[PDB]
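Trainee: I would like the atomic coordinates for the input below:
(chains A, B, C, D and E)
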Amino acid sequence: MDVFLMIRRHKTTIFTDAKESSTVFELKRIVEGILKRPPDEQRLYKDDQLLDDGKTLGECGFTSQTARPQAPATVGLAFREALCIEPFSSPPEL
Amino acid sequence: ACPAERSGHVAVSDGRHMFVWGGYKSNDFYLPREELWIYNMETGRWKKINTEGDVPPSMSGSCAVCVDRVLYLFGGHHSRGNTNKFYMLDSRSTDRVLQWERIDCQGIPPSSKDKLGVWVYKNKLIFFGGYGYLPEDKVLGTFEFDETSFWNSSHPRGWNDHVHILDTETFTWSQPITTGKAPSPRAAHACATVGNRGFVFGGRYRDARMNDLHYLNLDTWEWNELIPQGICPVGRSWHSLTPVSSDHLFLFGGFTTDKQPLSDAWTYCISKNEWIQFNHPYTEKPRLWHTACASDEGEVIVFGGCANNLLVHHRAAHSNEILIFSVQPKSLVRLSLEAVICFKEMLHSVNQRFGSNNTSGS
Amino acid sequence: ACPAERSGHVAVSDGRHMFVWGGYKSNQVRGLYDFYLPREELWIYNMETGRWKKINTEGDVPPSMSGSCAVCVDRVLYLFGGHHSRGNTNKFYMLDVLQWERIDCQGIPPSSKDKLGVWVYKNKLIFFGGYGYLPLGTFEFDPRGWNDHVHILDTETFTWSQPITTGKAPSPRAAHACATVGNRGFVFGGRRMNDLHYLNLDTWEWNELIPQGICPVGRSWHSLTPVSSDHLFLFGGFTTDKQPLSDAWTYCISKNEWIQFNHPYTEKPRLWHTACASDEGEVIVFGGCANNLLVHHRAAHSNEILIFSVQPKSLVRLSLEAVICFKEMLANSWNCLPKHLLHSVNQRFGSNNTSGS
Amino acid sequence: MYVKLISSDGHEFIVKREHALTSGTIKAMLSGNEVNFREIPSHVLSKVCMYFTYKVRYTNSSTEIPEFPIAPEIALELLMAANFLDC
Amino acid sequence: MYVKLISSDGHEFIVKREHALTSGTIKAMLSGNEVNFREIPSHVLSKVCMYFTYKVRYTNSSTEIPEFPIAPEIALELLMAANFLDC
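Mentor: Numbering: from 1, shown residues only, chains lettered A, B, ... in the order given. Find the structure here:
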C-alpha cells in the first residue's frame, strides 16, 4: 500500500510517495534524483533509529494507516554528519 | 425561510445556488406555483422569491435546466393532467418579482408528459422519454400505452422513447435522426450529460424497473448501450444520476421493482465501465423522486423526495432535508473557511458562516 | 440492538419503559452540518432487562430535531418545540404501527423554542423557558434569544393558555432543568447559573428558594429528576468555565439543603443528556456528550446507559434477581406454594394461559 | 407505635408501624393493631421484617446502599411473599 | 519533475510539479523552477503542501473523502494563504 512521507535533511522538506514493500534503498534513489547525492552518501532515519538499506518501508514501521497524504510520516536524512531537522515556524496562540 | 416538504419538484443549480420549484406533498397538494426557492450551497441557507407573469401551474414531474443562470422548464403534471408547455425564467434579472415567460416555440413540440430526462449540449436542450398521453403529432420514436391506465385513468397514457431538440437560440423544436438501438420507452429514468455523451440509467417500462445504462452520442446521434462487467446497482426508477467529474457519474436513491425505497449510492466510471458503491452516512434515509445538484466544492446536494413508497399517498413520507454527499476533495479555501467557522469562539465569508446553530444560546 | 449515539434527544418514561426519540450526532468527517437522527424511529429501553427495541413510526411524523421537550402521561407522548436544519419550531406533536399525531390546539401556541423545560400536573402541561425567535413575561435577545414564557396546554380540551404570574419570575434562560414534585414546578441552572426556583402549580405563584450550605456549581445542560417526594437528583452539567461535570447531587426539599451523591460514573461526564426515574429506585440517564459540545466536529456523543442507585430496590426485584442468579440450582429444587398466596397475586396481576407453548 | 405480624406457624413479629407500611398490603389492612398471615411461615416473614428495617434505613440515604442477602433456598418463597405483600 | 517552494523563514519544500499546479498562483508563476513566498511561513506552507498531496490522491477516487485536519491556531493563516494561492 502507498505511504506518504516527508524527507527532511536540515531545512529542506521532500514530499514524496512510496509503497510499504519498497526498500529504503529505493527511497535513497528518489533523493538522488532530487538532491544529486548517491545513496552511499545518504543515511535515512526514523524518530531515532537508523534504517538498513534492505528493509522495506513497512518493515521499518511505515504502515499505510499512519503515512497519509494529509499527515505524512517524517523521515530524517543525513548526508556525508549528525541528523538535524530544523522545526517549522510556530503559529501564534489564541 | 423553510421550503415545505415535497417530491416531484425540480432543482437546478449554477454550482453555487440551487433553484427549487414545484412539487407536491400530502395534506394531495401541489406547492405554490409562484414560489421560487434558492438554496445557497456555500452558506446552506434558504431564500424565497416570488414570481410573476406567465407563471406555470403547480406541477410535479416537470423537467428543468439551468443554462447561464436561465431557468428552462418543460413538461410536468398539474392538477388537470400532463402538459407540454415550455417556460423560461431569467434569474439574472434585478426585479423584486421575477417574470416567468412562456415561450411559443417554433416547430412541433413533444407530447404532454412528465418524469423524463434532459441533456444540455451546445445551444440545445435534448429531452428523452417520459410518461403521458398519446402524441398529438407525427413523432419519430415509439409510444407504448400503459395497460393499467385504461380502467384507472380518465384518459389512457403510456411511455415513450422520443428524443426532442429545443434550440435555445431560436426556440425551435426538432427531432434528430438517430442510429443504433434506442432504449425502451421509459419514465422516471435519470439523465446525466458528460461532454457529447448523454447518459440515461434505469426507469420503469411496462412492468418492472430497470438498471440498464445507455448513452446517446450528441454529435453522431448514435445510441449505445453500456454493459459493465461486474456488479451493478439494482434496477430502479425515481433515482438521481449526477456527473461528478469528466469521467464519473454519481447515482443515489430510487425505487426497486418490489417497491422498496433505496438509500444506496454508486459511482460509475465512464472510462473503466464499472460501478463502485459509495459509503455515506445516509443509509437510514432512503430517497425517491428527490433531486440532486452538483456543487462547485465536490458535493452532491440532494433535496426533497420521499423516504418510503409514496404510491400510497396518505402514508408518503415527503421530506425537505438536505443530503450532502462529499464525492470530491474540497478546495483549501473552503476547508480553511470551514475551520475558521468551526472555531468562532477561538478566533465576509467567515462572517456569514452557516445557519441554524443548534448549540448556540445554551 | 442499540441506538446510535446522540445528544439533544428526548427520553420519556412510564416507570418500566424508556422512550427515546430524536437528537443529533456528529459526522465522522469534519463539516458544517449536524446529522439529525431519523424521524421515523423511536427507541424503547426496558429498564428491567436492559435491551432496546426500535420501532418505526408512520403518520404525521415530526421532523428530525434536537433540543425538543417531551413528557409521558399515561404512556402517551407529548412533544413540543426543538430545532432542525431549517430553524426552530413551535409545532406540537402527540404519540400514543404507532402513529404520530400533529394536533391543532385551541388558543395561541408559543413561539419556536428549544432547550426548555416542562412540568406535568393533573392534566395540564406547563412549559417554561427556551431560546428562539420573536413572538406574557420577557424575551431577552442574544436572531434568537432567551425566554421566560410559562405557556400551559390542557390535555383534556387542547387549549393553549398562559397563567397569571404572582411573585418574581426567574431570569431568561435555556438549557435549564425542570422537575415536578407535587404542586411544585422546580427550575435550576441554565443560562451557567446556580439559582433554584419553584412555581406553585396550584396557585400559579413563583417562589425563590435559597439553599443554605454547600451548593452545586452553576451548570447548563444538566438533568434534574425527582427520586422521592422530598428529594431531587441532579447529575452532570456544564460549568461557566465549560468544564464537563460528572458529579451528582441530592437536594432535600423539606430541609432545603444539598448533599453530594457518590457513584461509579465519575469518569463519564455528560451534558445535554436525558434522565429518567425507574420504579426500582434508579435514575437512568442516556446519551449526551463527554467532550465540549460547542466544537461540533470534536463532539463525543455517547449511546451509553448510566444507572444510579438512589433508592433501595423492592423485595420483589431483589428476590427475583436471586432467582435469576440461582436458575440452574433452583430448577432442581422444590418449594411450597400456598394456593391462597398465589391466587391473591394472580388476582392482582393476572396469569397468561398461553405461555410455554 | 408498633404493629404485630403473625406468621402461619404462630410466630409474632413486632415491628415499627412506619416500617410495616413498606408493604402496601399491610398498609391497606391497617388503614381505617394485628395482621395475620395464615400462609407465610416464620422463616419467610422474619426475612420480610429485616427488609422493612433495611428499606426504611437506606431510603434517601447519602451513603451507598448495601446488598440485601437472599439465600437461594428461600428465594422463590420470598418472591411470592413479597409480591403478595407488595414490597 | 519536482518543484521547490520556499517559505518566509527560508524553509525549502520539494513537491511534485503535478501537485503544486493545484494552486493557480503557483501555475502562473511557473509558466512565466522555484517559487519564493516571502510572506508565507513554513508552518503554513507545510500545511499547503500536504493539501496538494491530499487533493491529487483523493480526486476521482469513487470513495468517501477523508478528513483534512486544520488546527484552530493555523486556521486563520491557512485561509489567507489558500486565498493567495488560489487552491
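Trainee: tell me the residues of chain A that contact chain B?
Mentor: By the rule Cβ under 8 Å from any Cβ of the partner chain, the part of chain A lying against chain B is residue A:94. Where you see a C-beta, it was placed from the backbone N, CA and C, and this is true even at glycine.
Trainee: ok and the residue in chain A nearest chain B?
Mentor: Closest contact between chain A and chain B, by Cβ to the nearest Cβ, is at residue A:94 (5.2 Å).
Trainee: ditto for chain D
Mentor: For chain D, Cβ to the nearest Cβ, closest residue to chain B: residue D:62, 30.8 Å.
Trainee: look up the closest residue to that residue, ignoring the ones flanking it.
Mentor: residue C:259 (5.3 Å; Cβ to Cβ, 6 or more residues apart in numbering or on different chains).
Trainee: quick check: which element contains residue D:35?
Mentor: Assigned by DSSP states H and E, residue D:35 belongs to strand D:34-36.
Trainee: quick one: the biggest helix by length in chain A near chain E?
Mentor: Among the segments of chain A that qualify as a helix by DSSP state H, the longest is helix A:24-35. Yes - for helix A:24-35 and chain E, the contact criterion (Cβ under 8 Å from any Cβ) is met by residue A:34.
Trainee: let me know the next secondary structure element after the helix ranked longest in chain B.
Mentor: Criterion DSSP H: the longest helix present in chain B is helix B:332-342. Where DSSP H and E defines the elements, the next helix or strand beyond helix B:332-342 is helix B:349-352.
Trainee: just checking, what packs against that following helix?
Mentor: Counting contacts by 3 or more Cβ pairs under 8 Å, 6 or more residues apart in numbering or on different chains; DSSP states H and E, helix B:349-352 is packed against helix B:332-342.
Trainee: who's in contact with the helix it packs on?
Mentor: Contacts with helix B:332-342, where a contact means Cβ atoms under 8 Å, 6 or more residues apart in numbering or on different chains, come from B:297, B:347, B:349-350, B:353-354, C:30-32, C:295-297, E:48, E:51, E:55, E:68, E:70, E:72, E:75-76, E:78-79, E:82-83, E:85, E:87.
Trainee: go again with 6 Å.
Mentor: B:297, B:349-350, B:353, C:32, C:297, E:51, E:68, E:70, E:75, E:78-79, E:82-83, E:87 (Cβ atoms under 6 Å, 6 or more residues apart in numbering or on different chains).
Trainee: not counting its neighbours along the chain, what's nearest residue 38?
Mentor: No chain in the question, so chain A it is. Nearest residue to residue A:38, sequence neighbours excluded (Cβ to Cβ, 6+ apart): residue A:32, at 6.1 Å.
Trainee: actually, chain D is the one I wanted.
Mentor: That would be residue D:8: by Cβ to Cβ, 6+ apart, it lies 5.5 Å from residue D:38.
Trainee: my guess is the one you found contacts residue D:43. True?
Mentor: No - the pair residue D:8 and residue D:43 does not pass the contact test of Cβ atoms under 6 Å, sitting 10.4 Å apart.
Trainee: measure how buried the closest residue to chain A within the stretch 201-350 of chain B is and give me the count.
Mentor: Per Cβ to the nearest Cβ, residue B:346 is where the stretch 201-350 of chain B lies closest to chain A, at 5.2 Å. Applying other Cβ atoms under 10 Å in any protein chain shown, we find 13 residues neighbouring residue B:346.
Trainee: repeat for residue B:229
Mentor: Residue B:229 has 8 nearby residues by other Cβ under 10 Å.
Trainee: dump the longest helix seen in chain D to CSV, restricted to CA.
Mentor: Identified as the longest helix of chain D according to DSSP H is helix D:42-57. The C-alpha coordinates for helix D:42-57 follow below in CSV (Å, rounded to 0.1, in the frame of the first residue of the first chain):
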residue,chain,number,x,y,z
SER,D,42,-41.8,-17.5,60.1
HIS,D,43,-38.6,-18.2,58.2
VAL,D,44,-40.1,-16.1,55.4
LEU,D,45,-41.8,-13.4,57.5
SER,D,46,-38.7,-12.8,59.5
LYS,D,47,-36.7,-12.1,56.4
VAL,D,48,-39.5,-9.7,55.3
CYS,D,49,-39.2,-7.8,58.5
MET,D,50,-35.5,-7.5,58.0
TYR,D,51,-36.2,-5.9,54.6
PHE,D,52,-38.5,-3.5,56.3
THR,D,53,-35.8,-2.1,58.5
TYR,D,54,-33.3,-2.2,55.6
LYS,D,55,-35.6,-0.4,53.1
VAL,D,56,-36.5,2.4,55.6
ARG,D,57,-32.9,2.9,56.8
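Trainee: helix/strand/coil for the residue of chain D most remote from its centre?
Mentor: Here chain D reaches farthest from its C-alpha mean at residue D:62, the gap being 23.4 Å by Cα atoms, centre = their mean. Three-state call for residue D:62 (DSSP: H, G, I helix; E, B strand; the rest coil): coil.
Trainee: so who does the most centrally placed residue in chain B touch?
Mentor: Nearest to the centroid of the C-alpha atoms of chain B, with distances taken as Cα atoms, centre = their mean, sits residue B:291, at 4.8 Å. Contacts for residue B:291 (Cβ under 6 Å, 6+ apart) come out as B:11, B:303-304.
Trainee: can you count the residues close to whichever residue of chain A sits closest to chain D?
Mentor: Minimum separation of chain A from chain D (Cβ to the nearest Cβ) falls at residue A:94, amounting to 42.8 Å. Residue A:94 is flanked by 11 other residues according to other Cβ under 10 Å.
Trainee: dihedrals phi and psi, the single nearest residue of chain D relative to chain E?
Mentor: Per Cβ to the nearest Cβ, residue D:64 is where chain D lies closest to chain E, at 42.3 Å. Residue D:64 has phi and psi values of phi -60, psi 140 when expressed as degrees, to the nearest 10.
Trainee: cheers, nothing more for now.
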